[PDB]
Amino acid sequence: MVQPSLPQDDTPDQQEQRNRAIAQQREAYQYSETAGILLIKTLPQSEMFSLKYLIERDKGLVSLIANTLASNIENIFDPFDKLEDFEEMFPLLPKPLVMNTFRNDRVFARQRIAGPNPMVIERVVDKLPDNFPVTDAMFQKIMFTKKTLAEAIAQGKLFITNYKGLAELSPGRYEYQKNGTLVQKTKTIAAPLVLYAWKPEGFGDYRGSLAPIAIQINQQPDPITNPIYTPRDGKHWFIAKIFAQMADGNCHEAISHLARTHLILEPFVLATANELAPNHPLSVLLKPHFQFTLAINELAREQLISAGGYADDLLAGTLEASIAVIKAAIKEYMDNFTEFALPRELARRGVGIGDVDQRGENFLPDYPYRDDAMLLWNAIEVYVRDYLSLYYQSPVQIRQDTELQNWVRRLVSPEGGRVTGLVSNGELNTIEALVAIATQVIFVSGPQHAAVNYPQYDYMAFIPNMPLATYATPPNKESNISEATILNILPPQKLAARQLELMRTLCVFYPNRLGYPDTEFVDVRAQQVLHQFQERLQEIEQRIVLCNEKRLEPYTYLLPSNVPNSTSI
């Protein structure tokens, strides 16, 4: 166990040892790709899941065998017979928290700020999209108000989710035998726009909340084939929400979860191995936050984004279409890396802590993801800054650290991740820039992945709340809607089962815990910095527990006790 040091501070003997270790690491951590996604060529045994991990994962899979044994769902591509059958899918599993209230408009809307994908909603500035022709009359009928849209917008009261990033998907296909013949079917794609309003009054008892106003299921308006639905539209409104939720779930899995936690971490894990000695302070800082990350990304390669895997079976598009969405989300992230730092990302959507009205109040006061993620972001930043200050007291030490400079060059290179938004001026020159990079990597690996991964079961294991594909077209607005209509839009039995299977496996345990690495730092000064980070997380836990006593609903996913140390499941 070596005291960490910068390579230029070491003797020539010690530097030879560092280069030896790096050369060996480069041989063990080679770069590869699947479908243009950067991944590892072969996983080192040191990077495999632990025994303890495997025991927990297996308990999960065996719990699914038991639940399936106790369930009445069948291995068929028929719809369920009754909508109530979706409630019977959990005889031996926890009931998903959304299950009993998912029909409520407020429960729908609050998933934008506290559900699995709190990453889409943005404040409307200036005007709605021209292809989303909501009228004053619609707004006024739904809000029971004489205020106009322009007035609401001028007050910062309107919010939108625009799923146009899904507009080019080729719809996925599926097929099966029924009575000795092959039936071939296609999923139905949608790319909705959803308008929300902040309602300060709430419902008399004055916890304010977001409320949904209008849904246009596809991007190009048409009064007949693509009208705007509102809550006045009865069962047609319920169906419009289903399509919007399906769209949110596709954006969730491809963009917010797979692309922008799991797969954008892969180049950082590999660059750390390919350029940093084992006793490099940055490697020692970052490796606890990479535990099991290569391995879980290899399972995603094998089981999630493979032909016949979960993405192929469950999502709206063809596998090829889903992979294209994933790769475009990676590219935009890497190209703009520092603009995806949490405060900047939120501010770009108009929903950051600085987005306030004339009285200093946030235009979106009820946003548990933002509130709790900012606590964790700020605590990690203090932890990282205090840690790196033990090793870099002056910027020349950044510039003369040949390993660190190689780590940056690897990341920005085309073959190393193409992280062209990583640094300014073509080179890492300051300590504060490195603090921001390492803060963002640790934030993504622990907190961000916890926020998008662990709500999956509560909101997406109950299939009707967020089905990963829709299986019939939106009915015409004047058509009558039966239970059969809804059951034909929702997934068939075998695919509903498959989606529960996925969601349970992704949420069943916590592989590790934020701030609690498997081995202590050798440097007692760094162990003290870590102990203070652990104290701060305890303070943050109690603050969130207090906030949750007053929130409309508790938001538990960013409690530090529930945040892993690494992206690992």
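Numbers follow the displayed sequence, beginning with 1.
Quick check: 294-302 versus 385-393, which has the larger average CA B-factor in the record?
Going by the record's values, the stretch with the higher mean is 385-393.
Mind pulling up the entry and telling me whether 200-208 or 233-241 has the higher mean Cα temperature factor?
Higher mean C-alpha B-factor in the PDB entry: 200-208.
Which of 177, 111, 336, 272 ranks first by CA B-factor in the deposited coordinates:
Answer, based on the entry's C-alpha B-factors: 177.
Which is it among 115, 491, 267, 352: the one with the largest CA B-factor in the entry?
Reading the PDB entry, the winner on C-alpha B-factor is 352.
Could you tell me which third, lowest, middle or highest, the C-alpha B-factor of residue 126 occupies within its chain?
It belongs to the highest third of the chain when residues are ordered by C-alpha B-factor.
Sorting the chain's CA B-factors, does residue 165 end up in the lowest, middle or highest third?
Its C-alpha B-factor belongs to the highest third of this chain's values.
Using the B-factor values recorded in the entry, state whether the Cα atom of residue 568 falls in the lowest, middle or highest third among the modelled residues of its chain.
Within its chain, residue 568 is a lowest-third residue by C-alpha B-factor, going by the deposited values.
Among the modelled residues of its chain, does the C-alpha B-factor of residue 459 lie in the lowest, middle or highest third?
It falls in the bottom third of the chain.
Which third, lowest, middle or highest, does the C-alpha temperature factor of residue 479 belong to within its own chain?
As the PDB entry reports it, the C-alpha B-factor of residue 479 lands in the highest third of its chain.
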